[PDB]
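Notes follow once the structure below has been shown.
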Amino acid sequence: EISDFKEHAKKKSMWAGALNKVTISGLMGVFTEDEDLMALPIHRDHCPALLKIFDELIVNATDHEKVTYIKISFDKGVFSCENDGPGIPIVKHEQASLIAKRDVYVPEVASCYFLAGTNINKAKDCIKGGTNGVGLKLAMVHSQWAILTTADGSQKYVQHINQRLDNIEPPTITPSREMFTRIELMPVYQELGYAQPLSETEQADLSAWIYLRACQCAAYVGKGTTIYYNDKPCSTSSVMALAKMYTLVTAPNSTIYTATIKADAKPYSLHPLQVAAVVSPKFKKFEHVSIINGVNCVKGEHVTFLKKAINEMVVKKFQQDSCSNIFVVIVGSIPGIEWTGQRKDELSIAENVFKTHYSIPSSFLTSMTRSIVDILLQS
Ligand SMILES: Nc1ncnc2c1ncn2[C@@H]1O[C@H](COP(=O)(O)OP(=O)(O)OP(=O)(O)O)[C@@H](O)[C@H]1O
């Protein structure tokens with residue numbers, strides 16, 4: 001058989017991950033207990049592709065980020081993401097219109113054409129997460145119904161995109177003074193293994209997962225942008241706040257080691273990396289949370305660079321594993337990375353980029369090493 005994009009994306013895990021519920025190691029959400037935000041594990045199977053619907057929209061918003069807000073909503077199964085800043089241009093796309101037999105505007109190409117977007121010829125120093133021109137189409141292909149709304153300050157464009165991209169309805173274009181981009185959709189929950197409608201536990205888990213993703217965004221975006229989840233601001237705007245949120249239950253009142261890792265030469269020098277770490281004997285193994293180019297990256301040589309520097313100092317000080325008692329948060333942009341798949345689970349880079357260009361403050365390493373060695377000595 002020869003498949004098309006749409007049918008292939010509905011059947012193949014390569015685009016967004018598994019298309020039913022599986023065990024997702026390290027799956028976390030944020031939950032509220034009287035004034036406090038705590039990240040907690042979600043020890044139930046979930047559908048990776050469903051979580052990717054949400055992630056693709058969220059990263060598109062952080063990529064655009066002037067942008068003063070990103071508003072994420074999740075209620076009655078309906079997910080939406082809206083950001084301000086310039087809208088998607090409301091102009092006819094001449095290629096797509098010529099090939100098709102009708103008018104096709106840019107927002108339809110952006111949302112309905114695979115391998116299409118503004119990052120196809122991305123520069124190596126561009127720090128947007130988006131690269132493939134795929135992610136928004138994956139959101140549409142996994143939607144029972146979806147609505148794209150965008151406005152450019154002179155016109156507003158509304159288009160319904162239904163039935164997993166089978167039913168693209170003609171857009172409605174009106175004069176408007178607004179300026180934003182909004183995607184609203186209902187995922188195909190039943191096809192992805194969920195109840196219709198979501199069960200109480202499915203709803204609670206998904207809401208917690210989205211809220212945590214929003215909190216991660218709050219630490220990544222520029223200081224002019226506010227992140228909202230269900231109309232309430234997400235105020236975990238620093239790596240320190242993230243580190244607290246991830247360690248509040250296990251190690252309350254924790255000391256937070258902080259550093260800004262900076263590079264000497266452009267383009268690396270344009271992109272300092274923010275780090276916060278917590279050291280506790282209660283931690284069973286090394287864990288990191290990395291938000292790189294807006295993407296929650298689970299594997300990359302940036303982590304290894306930090307671990308080796310810590311290990312270097314711990315071995316020396318102990319003489320006078322070294323990382324199993326560490327939880328670390330790393331947030332920032334890295335130019336020149338390559339992702340290993342559309343999911344962007346792992347970034348790829350030469351380890352020597354960090355060795356040549358980046359400096360980890362010695363005061364941060366020294367402070368961490370002292371606490372690490374004390375734990376080792378007390379054992
Ligand atoms: N929220 C948004 N605001 C503004 N433009 C957007 C937004 N979402 C998508 N776009 C535009 O639509 C294009 C297509 O988005 P899509 O997610 O499919 O591709 P991408 O982000 O370029 O790459 P990737 O497949 O890696 O996510 C983007 O390149 C961007 O130009």
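Residue names in the structure tokens use chain letters A, B, ... in the order shown, residue numbers from 1 in each chain, and ligand numbers from 1 in the order shown.
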Open item on the list: Which residues are near residue 357 of chain A? Cut-off 8 Å, only C-alpha atoms, ignore same chain within fewer than 5 positions. Put them as a PyMOL selection string.
Closed with: chain A and resi 263-265+268
Open item on the list: Please identify all protein, DNA and RNA residues within 7 Å of ligand 1, counting only C-alpha atoms and all ligand atoms, and report them as a ChimeraX atom specification.
Closed with: /A:56-57,60-61,64,82-83,87-88,110-111,116-120,129-137,181-182,342
Selected residues, N, CA, C and O atoms, written as a compact mmCIF listing (two decimals), in the first residue's frame, please.
# COMPACT_ATOMS: atom_id res chain seq x y z
N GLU A 56 2.05 20.08 21.24
CA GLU A 56 2.32 20.74 19.96
C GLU A 56 1.74 22.15 19.94
O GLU A 56 2.39 23.08 19.45
N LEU A 57 0.53 22.33 20.46
CA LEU A 57 -0.09 23.69 20.51
C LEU A 57 0.70 24.58 21.47
O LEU A 57 0.93 25.75 21.13
N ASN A 60 3.97 25.67 19.97
CA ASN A 60 3.71 26.68 18.94
C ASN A 60 3.52 28.06 19.55
O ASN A 60 3.99 29.07 18.99
N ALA A 61 2.85 28.13 20.70
CA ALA A 61 2.65 29.42 21.36
C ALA A 61 3.95 29.97 21.93
O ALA A 61 4.25 31.16 21.76
N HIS A 64 6.16 31.43 19.26
CA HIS A 64 5.76 32.75 18.70
C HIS A 64 6.30 33.81 19.64
O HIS A 64 6.73 34.82 19.15
N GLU A 82 -4.36 29.92 23.22
CA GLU A 82 -4.44 31.20 22.53
C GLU A 82 -3.26 32.07 22.93
O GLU A 82 -2.88 32.11 24.11
N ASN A 83 -2.68 32.76 21.96
CA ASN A 83 -1.63 33.73 22.23
C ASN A 83 -1.88 34.98 21.40
O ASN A 83 -2.52 34.93 20.35
N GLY A 87 -0.98 37.68 14.21
CA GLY A 87 -1.68 36.48 13.82
C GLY A 87 -1.04 35.80 12.63
O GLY A 87 -0.12 36.33 12.00
N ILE A 88 -1.52 34.61 12.33
CA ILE A 88 -1.12 33.94 11.09
C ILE A 88 -1.65 34.76 9.92
O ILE A 88 -2.84 35.10 9.89
N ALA A 110 -1.15 26.19 7.19
CA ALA A 110 -0.44 25.98 8.45
C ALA A 110 -1.05 24.86 9.27
O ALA A 110 -0.33 24.17 10.00
N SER A 111 -2.37 24.68 9.19
CA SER A 111 -3.07 23.73 10.04
C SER A 111 -3.42 22.41 9.36
O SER A 111 -3.67 21.43 10.06
N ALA A 116 4.60 21.69 6.32
CA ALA A 116 4.37 23.07 5.94
C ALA A 116 4.44 23.98 7.15
O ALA A 116 3.84 23.69 8.19
N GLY A 117 5.15 25.10 7.01
CA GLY A 117 5.30 26.04 8.10
C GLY A 117 6.39 27.04 7.77
O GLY A 117 6.91 27.07 6.65
N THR A 118 6.74 27.85 8.77
CA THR A 118 7.73 28.90 8.61
C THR A 118 9.13 28.47 9.04
O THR A 118 10.05 29.29 9.01
N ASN A 119 9.31 27.21 9.43
CA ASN A 119 10.59 26.72 9.92
C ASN A 119 11.20 25.64 9.04
O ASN A 119 12.18 25.00 9.46
N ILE A 120 10.66 25.42 7.84
CA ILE A 120 11.21 24.40 6.94
C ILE A 120 12.67 24.69 6.62
O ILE A 120 13.50 23.78 6.60
N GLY A 129 11.32 25.78 19.10
CA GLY A 129 11.17 24.33 19.11
C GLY A 129 10.70 23.80 17.77
O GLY A 129 11.16 22.75 17.31
N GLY A 130 9.79 24.52 17.12
CA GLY A 130 9.19 24.05 15.88
C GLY A 130 10.22 23.95 14.76
O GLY A 130 11.07 24.84 14.59
N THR A 131 10.18 22.84 14.04
CA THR A 131 11.06 22.67 12.89
C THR A 131 10.43 21.96 11.69
O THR A 131 10.79 22.27 10.55
N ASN A 132 9.47 21.05 11.89
CA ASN A 132 9.08 20.12 10.83
C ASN A 132 7.86 20.54 10.02
O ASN A 132 7.66 19.98 8.94
N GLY A 133 7.06 21.48 10.51
CA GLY A 133 5.81 21.78 9.83
C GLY A 133 4.81 20.65 9.94
O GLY A 133 4.05 20.39 9.00
N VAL A 134 4.79 19.97 11.09
CA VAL A 134 3.99 18.78 11.32
C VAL A 134 3.05 18.93 12.51
O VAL A 134 1.90 18.47 12.47
N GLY A 135 3.52 19.57 13.59
CA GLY A 135 2.85 19.44 14.89
C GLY A 135 1.39 19.86 14.89
O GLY A 135 0.54 19.19 15.49
N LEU A 136 1.06 20.99 14.25
CA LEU A 136 -0.33 21.45 14.27
C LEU A 136 -1.23 20.50 13.50
O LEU A 136 -2.40 20.32 13.86
N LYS A 137 -0.71 19.89 12.44
CA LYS A 137 -1.50 18.92 11.69
C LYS A 137 -1.79 17.68 12.54
O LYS A 137 -2.87 17.08 12.41
N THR A 181 -3.89 34.35 17.87
CA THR A 181 -4.09 33.04 17.26
C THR A 181 -4.63 32.10 18.32
O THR A 181 -4.07 32.03 19.43
N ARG A 182 -5.70 31.39 17.99
CA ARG A 182 -6.37 30.49 18.92
C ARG A 182 -6.65 29.18 18.22
O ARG A 182 -7.16 29.16 17.10
N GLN A 342 9.85 13.67 15.75
CA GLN A 342 8.85 14.73 15.89
C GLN A 342 8.49 14.98 17.35
O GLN A 342 8.22 16.13 17.72
TODO: Please identify which residues in segment 20-258 of chain A DSSP calls alpha helix (DSSP H) from the backbone, and express them as a PyMOL selection string.
DONE: chain A and resi 48-64+94-99+106-112+135-141+200-220+239-247
Task: One-decimal distance in Å that lies between atom CA of residue 70 of chain A and atom CA of residue 29 of chain A - done: 19.3 Å
TODO: For residue 154 of chain A, work out the shell of residues within 8 Å, counting only C-alpha atoms and skipping chain neighbours fewer than 2 positions away, then give it as a list in words.
DONE: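 Selected residues are residues 151, 152, 156, 175, 176, 177 and 178 of chain A.
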With a cut-off of 9 Å, could you pull out the residues of segment 157-236 of chain A touching segment 32-45 of chain A and give me the nearest pair of atoms for each, distance in Å to one decimal, using only C-alpha atoms, ordered by chain and ascending number, as a Markdown table?
| residue | atom | partner | partner_atom | distance |
| --- | --- | --- | --- | --- |
| A:205 | CA | A:42 | CA | 7.0 |
| A:208 | CA | A:39 | CA | 8.7 |
| A:209 | CA | A:42 | CA | 8.6 |
| A:212 | CA | A:39 | CA | 7.3 |
Same residues, N, CA, C and O atoms, output as a short mmCIF file (atom, residue, chain, number, x, y, z; two decimals), in the first residue's frame:
data_model
loop_
_atom_site.label_atom_id
_atom_site.label_comp_id
_atom_site.auth_asym_id
_atom_site.auth_seq_id
_atom_site.Cartn_x
_atom_site.Cartn_y
_atom_site.Cartn_z
N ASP A 205 -6.16 13.59 35.89
CA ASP A 205 -4.78 13.35 35.44
C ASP A 205 -4.41 14.29 34.30
O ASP A 205 -3.32 14.89 34.30
N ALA A 208 -4.01 17.88 35.47
CA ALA A 208 -2.76 18.04 36.21
C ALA A 208 -1.56 18.06 35.27
O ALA A 208 -0.61 18.82 35.49
N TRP A 209 -1.57 17.20 34.25
CA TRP A 209 -0.46 17.17 33.29
C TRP A 209 -0.36 18.49 32.53
O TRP A 209 0.73 19.05 32.37
N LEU A 212 0.91 21.34 34.75
CA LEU A 212 2.36 21.28 34.94
C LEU A 212 3.10 21.77 33.69
O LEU A 212 4.11 22.47 33.80
#
Go through segment 189-288 of chain A residue by residue and, counting only C-alpha atoms, keep those with an atom at most 12 Å from segment 311-334 of chain A; for each kept residue give the shortest atom pair and its distance in Å to one decimal, ordered by chain and increasing number, as a tab-separated table.
residue	atom	partner	partner_atom	distance
A:216	CA	A:331	CA	8.7
A:217	CA	A:331	CA	9.5
A:218	CA	A:331	CA	10.5
A:219	CA	A:331	CA	7.2
A:220	CA	A:331	CA	6.1
A:221	CA	A:332	CA	8.9
A:222	CA	A:332	CA	10.4
A:237	CA	A:331	CA	10.7
A:238	CA	A:331	CA	8.9
A:239	CA	A:329	CA	6.3
A:240	CA	A:329	CA	8.2
A:241	CA	A:329	CA	9.9
A:242	CA	A:329	CA	7.2
A:243	CA	A:329	CA	6.2
A:244	CA	A:329	CA	10.0
A:245	CA	A:329	CA	10.8
A:246	CA	A:327	CA	8.6
A:247	CA	A:327	CA	8.1
A:248	CA	A:327	CA	11.8
A:250	CA	A:327	CA	11.2
A:251	CA	A:327	CA	10.6
A:254	CA	A:327	CA	11.2
A:255	CA	A:327	CA	11.5
A:256	CA	A:328	CA	9.6
A:257	CA	A:328	CA	9.1
A:258	CA	A:329	CA	9.5
A:259	CA	A:330	CA	9.7
A:260	CA	A:330	CA	9.5
A:261	CA	A:330	CA	9.6
A:262	CA	A:332	CA	10.7
A:263	CA	A:334	CA	10.5
A:266	CA	A:334	CA	11.2
A:267	CA	A:334	CA	8.9
A:268	CA	A:334	CA	7.0
A:269	CA	A:334	CA	9.9
A:270	CA	A:333	CA	8.9
A:271	CA	A:333	CA	5.6
A:272	CA	A:332	CA	6.6
A:273	CA	A:332	CA	4.8
A:274	CA	A:331	CA	5.3
A:275	CA	A:330	CA	4.7
A:276	CA	A:329	CA	5.2
A:277	CA	A:328	CA	4.2
A:278	CA	A:327	CA	5.3
A:279	CA	A:326	CA	4.8
A:280	CA	A:325	CA	5.4
A:281	CA	A:325	CA	5.7
A:282	CA	A:325	CA	7.3
A:283	CA	A:325	CA	5.0
A:284	CA	A:324	CA	6.3
A:285	CA	A:324	CA	4.1
A:286	CA	A:324	CA	4.3
A:287	CA	A:327	CA	4.9
A:288	CA	A:328	CA	4.7
- [ ] Once DSSP has gone over the backbone, tell me which residues of segment 151-302 of chain A are in strand (DSSP E), as number ranges by chain.
- [x] A: 151-152, 155-162, 167-168, 172-175, 179-187, 226-229, 232-234, 257-263, 273-279, 287-292, 295-297
Open item on the list: I need the residue nearest residue 351 of chain A from this list: A:308, A:302, A:102, A:8. Use only C-alpha atoms for the distance.
Closed with: A:302
- [ ] In Å, rounded to a single decimal, give me how far atom CA of residue 377 of chain A is from atom CA of residue 365 of chain A.
- [x]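 These two atoms are separated by 17.9 Å.
The two atoms in question, atom CA of residue 305 of chain A and atom CA of residue 253 of chain A, are spaced 27.7 Å apart.
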Open item on the list: From the options A:292, A:14, A:126, A:165, which residue's atoms come nearest to residue 147 of chain A, counting only C-alpha atoms?
Closed with: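 Ranking A:292, A:14, A:126, A:165 by distance to residue 147 of chain A, first place goes to A:165.
Among A:371, A:293, A:235, A:174, the residue with the shortest atom-to-atom distance to residue 128 of chain A, counting only C-alpha atoms, is A:293.
The closest residue to residue 214 of chain A, picked from A:350, A:297, A:310, A:58 and counting only C-alpha atoms, is A:58.
The residue that comes closest to residue 79 of chain A, out of A:23, A:143, A:379, A:167 and on the basis of only C-alpha atoms, is A:143.
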Spatial neighbours of residue 233 of chain A, 12 Å, only C-alpha atoms, chain gap at least 2 places, as a PDB file with N, CA, C and O atoms, in the first residue's frame:
ATOM      1  N   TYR A  69       0.578  37.165  26.352  1.00  0.00           N
ATOM      2  CA  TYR A  69      -0.083  36.087  27.068  1.00  0.00           C
ATOM      3  C   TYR A  69      -0.100  34.818  26.235  1.00  0.00           C
ATOM      4  O   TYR A  69      -0.137  34.855  25.001  1.00  0.00           O
ATOM      5  N   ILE A  70      -0.099  33.691  26.941  1.00  0.00           N
ATOM      6  CA  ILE A  70      -0.483  32.397  26.394  1.00  0.00           C
ATOM      7  C   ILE A  70      -1.535  31.847  27.345  1.00  0.00           C
ATOM      8  O   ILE A  70      -1.249  31.647  28.532  1.00  0.00           O
ATOM      9  N   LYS A  71      -2.747  31.630  26.840  1.00  0.00           N
ATOM     10  CA  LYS A  71      -3.870  31.146  27.637  1.00  0.00           C
ATOM     11  C   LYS A  71      -4.203  29.723  27.216  1.00  0.00           C
ATOM     12  O   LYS A  71      -4.599  29.483  26.068  1.00  0.00           O
ATOM     13  N   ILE A  72      -4.057  28.788  28.147  1.00  0.00           N
ATOM     14  CA  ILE A  72      -4.333  27.374  27.923  1.00  0.00           C
ATOM     15  C   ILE A  72      -5.590  27.025  28.706  1.00  0.00           C
ATOM     16  O   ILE A  72      -5.726  27.418  29.871  1.00  0.00           O
ATOM     17  N   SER A  73      -6.515  26.305  28.075  1.00  0.00           N
ATOM     18  CA  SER A  73      -7.772  25.940  28.712  1.00  0.00           C
ATOM     19  C   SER A  73      -8.060  24.461  28.490  1.00  0.00           C
ATOM     20  O   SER A  73      -7.720  23.895  27.448  1.00  0.00           O
ATOM     21  N   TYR A 211      -1.560  21.447  33.438  1.00  0.00           N
ATOM     22  CA  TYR A 211      -1.197  22.517  34.355  1.00  0.00           C
ATOM     23  C   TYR A 211       0.309  22.523  34.591  1.00  0.00           C
ATOM     24  O   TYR A 211       0.939  23.586  34.594  1.00  0.00           O
ATOM     25  N   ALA A 214       2.038  23.982  31.612  1.00  0.00           N
ATOM     26  CA  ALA A 214       1.900  25.435  31.656  1.00  0.00           C
ATOM     27  C   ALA A 214       2.879  26.063  32.643  1.00  0.00           C
ATOM     28  O   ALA A 214       3.474  27.111  32.357  1.00  0.00           O
ATOM     29  N   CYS A 215       3.055  25.442  33.813  1.00  0.00           N
ATOM     30  CA  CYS A 215       4.009  25.948  34.797  1.00  0.00           C
ATOM     31  C   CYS A 215       5.431  25.921  34.252  1.00  0.00           C
ATOM     32  O   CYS A 215       6.218  26.843  34.498  1.00  0.00           O
ATOM     33  N   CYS A 217       6.213  26.253  31.084  1.00  0.00           N
ATOM     34  CA  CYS A 217       6.274  27.387  30.163  1.00  0.00           C
ATOM     35  C   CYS A 217       6.537  28.688  30.893  1.00  0.00           C
ATOM     36  O   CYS A 217       7.234  29.566  30.372  1.00  0.00           O
ATOM     37  N   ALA A 218       5.953  28.849  32.080  1.00  0.00           N
ATOM     38  CA  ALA A 218       6.072  30.114  32.792  1.00  0.00           C
ATOM     39  C   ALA A 218       7.521  30.442  33.111  1.00  0.00           C
ATOM     40  O   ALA A 218       7.890  31.619  33.180  1.00  0.00           O
ATOM     41  N   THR A 225       5.618  37.969  29.149  1.00  0.00           N
ATOM     42  CA  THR A 225       4.528  37.055  28.829  1.00  0.00           C
ATOM     43  C   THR A 225       4.006  36.401  30.101  1.00  0.00           C
ATOM     44  O   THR A 225       4.790  35.898  30.911  1.00  0.00           O
ATOM     45  N   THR A 226       2.687  36.385  30.260  1.00  0.00           N
ATOM     46  CA  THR A 226       2.041  35.665  31.346  1.00  0.00           C
ATOM     47  C   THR A 226       1.366  34.423  30.780  1.00  0.00           C
ATOM     48  O   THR A 226       0.684  34.498  29.752  1.00  0.00           O
ATOM     49  N   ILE A 227       1.574  33.287  31.444  1.00  0.00           N
ATOM     50  CA  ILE A 227       0.931  32.021  31.102  1.00  0.00           C
ATOM     51  C   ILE A 227      -0.293  31.860  31.989  1.00  0.00           C
ATOM     52  O   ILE A 227      -0.217  32.075  33.205  1.00  0.00           O
ATOM     53  N   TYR A 228      -1.413  31.459  31.396  1.00  0.00           N
ATOM     54  CA  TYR A 228      -2.629  31.168  32.142  1.00  0.00           C
ATOM     55  C   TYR A 228      -3.054  29.734  31.875  1.00  0.00           C
ATOM     56  O   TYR A 228      -2.928  29.237  30.750  1.00  0.00           O
ATOM     57  N   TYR A 229      -3.557  29.070  32.911  1.00  0.00           N
ATOM     58  CA  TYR A 229      -4.225  27.783  32.770  1.00  0.00           C
ATOM     59  C   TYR A 229      -5.624  27.926  33.350  1.00  0.00           C
ATOM     60  O   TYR A 229      -5.777  28.274  34.528  1.00  0.00           O
ATOM     61  N   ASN A 230      -6.636  27.689  32.520  1.00  0.00           N
ATOM     62  CA  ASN A 230      -8.037  27.890  32.899  1.00  0.00           C
ATOM     63  C   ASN A 230      -8.256  29.255  33.552  1.00  0.00           C
ATOM     64  O   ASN A 230      -8.889  29.383  34.605  1.00  0.00           O
ATOM     65  N   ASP A 231      -7.700  30.280  32.907  1.00  0.00           N
ATOM     66  CA  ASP A 231      -7.859  31.695  33.239  1.00  0.00           C
ATOM     67  C   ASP A 231      -7.138  32.119  34.508  1.00  0.00           C
ATOM     68  O   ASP A 231      -7.298  33.268  34.949  1.00  0.00           O
ATOM     69  N   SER A 235       2.451  31.120  37.941  1.00  0.00           N
ATOM     70  CA  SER A 235       3.456  32.032  38.472  1.00  0.00           C
ATOM     71  C   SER A 235       4.767  31.344  38.838  1.00  0.00           C
ATOM     72  O   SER A 235       5.581  31.926  39.561  1.00  0.00           O
ATOM     73  N   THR A 236       4.998  30.122  38.351  1.00  0.00           N
ATOM     74  CA  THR A 236       6.286  29.450  38.541  1.00  0.00           C
ATOM     75  C   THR A 236       7.275  29.968  37.496  1.00  0.00           C
ATOM     76  O   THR A 236       7.701  29.262  36.577  1.00  0.00           O
ATOM     77  N   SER A 237       7.646  31.235  37.660  1.00  0.00           N
ATOM     78  CA  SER A 237       8.353  31.986  36.632  1.00  0.00           C
ATOM     79  C   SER A 237       9.865  31.850  36.715  1.00  0.00           C
ATOM     80  O   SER A 237      10.567  32.410  35.867  1.00  0.00           O
TER      81      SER A 237
END
